[PDB]
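Written below as structure tokens is the structure these notes are about.
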Amino acid sequence: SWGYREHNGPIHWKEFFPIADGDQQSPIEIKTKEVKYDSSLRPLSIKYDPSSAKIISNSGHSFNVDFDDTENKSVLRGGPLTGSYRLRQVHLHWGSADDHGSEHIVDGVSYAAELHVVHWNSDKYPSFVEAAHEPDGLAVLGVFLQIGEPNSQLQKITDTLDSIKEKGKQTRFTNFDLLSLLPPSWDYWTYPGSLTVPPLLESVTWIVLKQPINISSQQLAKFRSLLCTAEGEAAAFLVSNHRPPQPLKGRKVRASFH
Ligand SMILES: NS(=O)(=O)c1ccc(C(=O)Cn2cnc3ccccc32)cc1Cl
Ligand SMILES: [Zn+2]
């Protein structure tokens with residue numbers, strides 16, 4: 001099945017999920033001189049309840065923090081979006097070296113990692129699974145991580161990783177103050193695109209913050225110790241899990257700021 005190893009990695013996904021070569025694939029290169037400032041874009045309106053986080057698990061492809069998305073306690077609005085997008089999950093992408101770990105790349109700069117906060121349009125769709133197959137279904141906030149001071153909220157995640165080393169393991173995880181994790185400035189770029197993992201559905205309104213947050217090199221390194229293999233199987237480590245940038249194919253990247 002798919003992954004980030006030689007035989008099953010990003011270059012091979014198109015062999016078995018053909019939309020990998022679609023017209024609205026993510027991530028992308030963000031070229032700040034080509035982006036269009038758009039005065040119609042709104043500031044982000046962010047409400048994240050720390051009690052929404054419930055579980056952290058190892059998917060084999062990243063960790064995911066799952067949020068109880070039963071009602072509208074944690075929602076994203078404003079920005080480019082019409083309507084209210086409910087928080088579902090958070091995960092991270094990184095590389096084998098701090099030099100190059102993000103998925104979006106800004107004028108050639110790859111950051112050490114990139115956080116994705118995944119939301120779905122509950123004003124139009126009845127569930128995440130239905131939302132995930134519609135162009136206006138999902139909204140993902142991407143946040144870059146650069147190496148710097150340890151991050152006290154991220155420490156809560158790294159303290160759990162020993163318990164979820166094997167693919168499929170889960171453990172409880174709550175009181176995660178995602179709002180406080182975000183960087184001081186919420187100025188962003190936005191474009192229409194896709195999931196960056198199979199099934200690569202073109203259902204995502206991407207909202208990429210310009211300002212990175214910090215993580216220490218030691219905290220970042222703990223993520224590379226997760227396994228992409230299940231309990232009792234030949235161990236392989238998830239040292240890298242980012243997809244390369246995909247062709248822009250004439251999409252408009254807009255800026256909320258100039
Ligand atoms: N890396 S990404 O941030 O673009 C992303 C990565 C994963 C997912 C998922 O929710 C994966 N997933 C897990 N179960 C799914 C059912 C339907 C559609 C997608 C499903 C969503 C997203 Cl938006
Ligand atoms: Zn992602």
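We number each residue from 1, going along the chain as drawn.
Placed from the backbone N, Cα and C atoms, the Cβ positions cover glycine too.
Residues or ranges marked as active site, proton donor/acceptor by Swiss-Prot on the basis of similarity to another entry: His61. DSSP gives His61 (active site, proton donor/acceptor) a coil state; it is part of no helix or strand. In sequence order, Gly3, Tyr4, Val197, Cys228, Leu238, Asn241 make up the list of same-chain residues 6 or more apart from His61 (active site, proton donor/acceptor) whose Cβ falls under 8 Å from its Cβ.
Long-range Cβ neighbours of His116 (Zn(2+) binding site) (same chain, at least 6 residues apart, Cβ-Cβ under 8 Å): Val90, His91, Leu92, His93, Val140, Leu141, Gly142, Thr196. DSSP assigns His116 (Zn(2+) binding site) to a strand. Annotation source Swiss-Prot lists Zn(2+) binding site at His91, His93, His116, citing experimental evidence.
All protein chains considered, the CB of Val197 (substrate binding site) has 21 other CB atoms within 10 Å. Mapped onto three states, the DSSP output places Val197 (substrate binding site) in coil. Annotated substrate binding site per Swiss-Prot: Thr196, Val197, in sequence order, evidence recorded as similarity to another entry.
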- prompt: Listed binding-site residues: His93, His116, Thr196. Which have a CB under 6 angstroms from an atom of ligand 1?
  reply: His116, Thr196
Task: With H, G and I counted as helix, E and B as strand and the rest as coil, say where DSSP puts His93 (Zn(2+) binding site).
output: strand
Query: Which has the fewest other Cβ atoms within 10 Å: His91, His93, the binding-site residues listed?
result: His91
